[PDB]
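Number of protein chains: 2
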Amino acid sequence: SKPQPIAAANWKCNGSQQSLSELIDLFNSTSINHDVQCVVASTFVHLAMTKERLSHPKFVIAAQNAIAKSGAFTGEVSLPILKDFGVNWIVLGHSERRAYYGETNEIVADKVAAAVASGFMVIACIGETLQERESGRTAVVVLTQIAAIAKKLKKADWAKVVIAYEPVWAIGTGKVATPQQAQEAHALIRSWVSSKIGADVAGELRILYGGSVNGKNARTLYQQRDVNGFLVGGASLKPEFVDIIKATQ
Amino acid sequence: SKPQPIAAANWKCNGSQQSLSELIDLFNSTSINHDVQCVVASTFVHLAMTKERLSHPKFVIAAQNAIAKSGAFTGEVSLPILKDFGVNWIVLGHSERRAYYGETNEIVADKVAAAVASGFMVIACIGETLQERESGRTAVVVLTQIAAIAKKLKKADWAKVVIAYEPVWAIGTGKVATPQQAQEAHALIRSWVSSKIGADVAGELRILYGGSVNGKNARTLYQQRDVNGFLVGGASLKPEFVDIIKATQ
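This is the structure we're talking about:
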């Protein structure tokens, strides 16, 4: 049987007070007649309002990044500061951070072990670029990514971890993977996990698909055996996100 | 004569709601009789609290970094997002961003130019490292850093810019910076402005000292001709900051 899904909204670097408040109203309004954990990842600035206005029993708030410790890191936000703030969910190793903000496999691994140590629920992002995929190198990349993370966690840690599989080619291009491409990537991951960590662990593990998920394609995606939920980008700024969540029935 | 001074508190990646609440109150009780602009640069996460609680007519809020546009930039915070939330001050190009976060002269320059466009008041940070000083490249480095910024701006835009000189060569290195040395870097920056941009602008320009400042040497540092105030690190988290503000009289 499938583990408890997740429907995660990554708002990225977007929104205004008014637009967001609107959205939040809508979600609080929604009747979620199934066991699904919904996560709202707002900008750092929006965390207070979000934490103030979000009322739904099925939603939690999350941060989009963090550094490990407090210190002489102008412009950054640490885990201790998020936690004193009452945030306990975090998104780490997003492909945008990887692509743009110099985050290496090692760096993501360090961030994830840290977060796990401070007691946060982590959504850890992994995935291959157009390039890699075209080169028939998807398995090596994905595996190398998860392996790096795994290297620093304790079997026990696994309970706090959520995997997000986000095909770099699939971001902001309209190009969603097929349910067969997603299922195969997802089964590859879980197989590493069962063999490497334990079936037990493999079995409780949430693997979220990311990359052009929309109102339309999510039901079919969800149907795949190794798909446990979604990390949504642009459609999370829309009423459609409601449609996405429902698809997790 | 000197233009209006600025006393900027750079909290970096520090703070708990309690500890900051406690510091904000002290600030609030502070008696400041002269014409000084005080700036409080919190983490993005503390902006809301800060904004609500800080009531002193002489204090404004600032951000510690931003990206130019809203978009698919997970974990980052943009100018429009900050504008909407009512922050109109920002610190850009901090030594730490330059060192660990890949901010080149060109990136910093882009950030400044966009912030300016958006009507923000900008504290733009420049400074040479131990090796550049030692290698005799102080002038070259410094002047390249300001020029990079100047090229994207119009003369009228200057009204919105504050320069922060950080003697990076003296931070964490074991070296000691003297008022005289501080003055020499400030004189160099002003001269370039005076010359390239104009004397009028140069005369109005605020140049802040971004080195190590405590209650103890602030007065001395302020004694210097071309020192217009401070961008404060560690001491800004302390009651001692009130002594630094006083030092600008």
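So the sequence lines, in the order shown, correspond to chains B and A.
Here the first sequence stands for residues 2 to 250, numbered as in the authors' numbering.
Here the second sequence stands for residues 2 to 250, numbered as in the authors' numbering.
Built from N, CA and C at the ideal position, the CB exists for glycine as well.
Taking all protein chains shown into account, do 16 or more other C-beta atoms lie within 10 angstroms of the C-beta of residue i, making it buried, or fewer, making it exposed?
| i | result |
| --- | --- |
| B/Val41 | buried |
| B/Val141 | exposed |
| A/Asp227 | buried |
| A/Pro168 | buried |
| A/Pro6 | buried |
| B/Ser237 | buried |
| A/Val233 | buried |
| B/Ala49 | buried |
| A/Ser79 | buried |
| A/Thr105 | exposed |
| A/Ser56 | exposed |
| B/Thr249 | buried |
| B/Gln146 | buried |
| B/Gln225 | buried |
| A/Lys13 | buried |
| B/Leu27 | exposed |
| A/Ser96 | buried |
| A/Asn15 | buried |
| A/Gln65 | buried |
| A/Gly76 | buried |
| A/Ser192 | exposed |
| B/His187 | buried |
| A/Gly128 | buried |
| B/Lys176 | exposed |
| B/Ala149 | buried |
| A/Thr139 | buried |
| B/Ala67 | buried |
| B/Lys217 | exposed |
| B/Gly103 | exposed |
| A/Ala116 | buried |
Counting along the chain, where does the beta strand (DSSP E) carrying residue i start and finish?
| i | result |
| --- | --- |
| A/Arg207 | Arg207 to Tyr210 |
| B/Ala9 | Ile7 to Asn11 |
| A/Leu93 | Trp90 to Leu93 |
In the DSSP assignment, find the alpha helix (DSSP H) that holds residue i and state where it starts and stops.
| i | result |
| --- | --- |
| A/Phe28 | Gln18 to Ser30 |
| A/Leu80 | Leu80 to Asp85 |
Can you find the residues in the same chain that come closer than 8 Å, C-beta to C-beta, to residue i, ignoring five residues on each side of it along the sequence?
| i | result |
| --- | --- |
| B/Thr51 | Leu21, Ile25, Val41, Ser43 and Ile62 |
| B/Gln182 | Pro168 |
| A/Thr174 | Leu131 |
| A/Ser119 | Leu80, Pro81 and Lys84 |
| B/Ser71 | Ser79, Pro81 and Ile82 |
| A/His35 | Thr249 and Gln250 |
| A/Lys156 | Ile198, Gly199 and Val202 |
| A/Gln184 | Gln225, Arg226, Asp227 and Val228 |
By Cβ distance, which residues of its chain are closer than 6 Å to residue i, with the 5 residues on each side in sequence left out?
| i | result |
| --- | --- |
| A/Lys153 | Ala110 and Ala114 |
| B/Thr130 | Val169 |
| B/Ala165 | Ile124, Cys126, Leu209, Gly211 and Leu232 |
| B/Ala100 | none |
| A/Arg220 | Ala248 |
| B/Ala203 | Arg191, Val194 and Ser195 |
| A/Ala178 | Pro168, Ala171 and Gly212 |
| A/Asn29 | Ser56 and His57 |
Please work out which residues of its chain come closer than 7 Å, Cβ to Cβ, to residue i, disregarding the five sequence neighbours upstream and downstream, and give them in chain order.
| i | result |
| --- | --- |
| A/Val214 | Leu222, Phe231, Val233, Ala236 and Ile245 |
| B/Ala73 | none |
| B/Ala8 | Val37, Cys39, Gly230, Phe231, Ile245, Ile246 and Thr249 |
| A/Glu53 | none |
Check whether the Cβ of residue i lies closer than 9 Å to any Cβ atom in chain C.
| i | result |
| --- | --- |
| B/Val92 | As a matter of chain content, chain C is missing from the structure shown, whose protein chains are B and A. |
Exercise. What are the start and end residues of each continuous beta strand (DSSP E) run of 3 or more residues lying completely inside the stretch 158-244 of chain A, in chain order?
Worked result: 162-166, 207-210 and 230-233
Problem set entry | Near-chain A residues of the stretch 23-47 of chain B (beta-carbon distance less than 9 Å), N- to C-terminal order | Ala42, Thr44, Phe45, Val46 and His47
Problem set entry | alpha helix (DSSP H) runs wholly inside the stretch 101-151 of chain B, at least 4 long, in chain order | 106-118, 131-135 and 139-151
Exercise. Mind pulling the alpha helix (DSSP H) runs of 4 or more residues that sit fully within the stretch 36-65 of chain A?
Worked result: 48-54
For this session: Quick one: which residues of the stretch 48-76 of chain A get their C-beta closer than 9 Å to a C-beta of chain B? List them in chain order.
Result: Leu48, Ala49, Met50, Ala64, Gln65, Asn66, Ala67, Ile68, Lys70, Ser71, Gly72, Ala73, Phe74, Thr75 and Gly76
Problem set entry | Contact list for the stretch 144-166 of chain B against chain A, Cβ threshold 8 Å | none
Exercise. Along the stretch 2-17 of chain B, what residues have a CB closer than 8 Å to any CB found in chain A?
Worked result: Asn11, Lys13, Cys14, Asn15, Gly16 and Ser17
Exercise. When Cβ atoms are compared, which residues of the stretch 187-213 of chain B fall closer than 8 Å to chain A?
Worked result: none
Exercise. What residues in the stretch 222-248 of chain B bring their beta carbon closer than 9 Å to a beta carbon of chain A?
Worked result: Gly234 and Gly235
Exercise. Got a sec: which bits of the stretch 112-135 of chain A sit with their beta carbon under 8 Å from any beta carbon on chain B, in order along the chain?
Worked result: none
For this session: Scan the stretch 173-188 of chain A for residues whose Cβ lies nearer than 8 Å to a Cβ of chain B and list them as they occur along the chain.
Result: none
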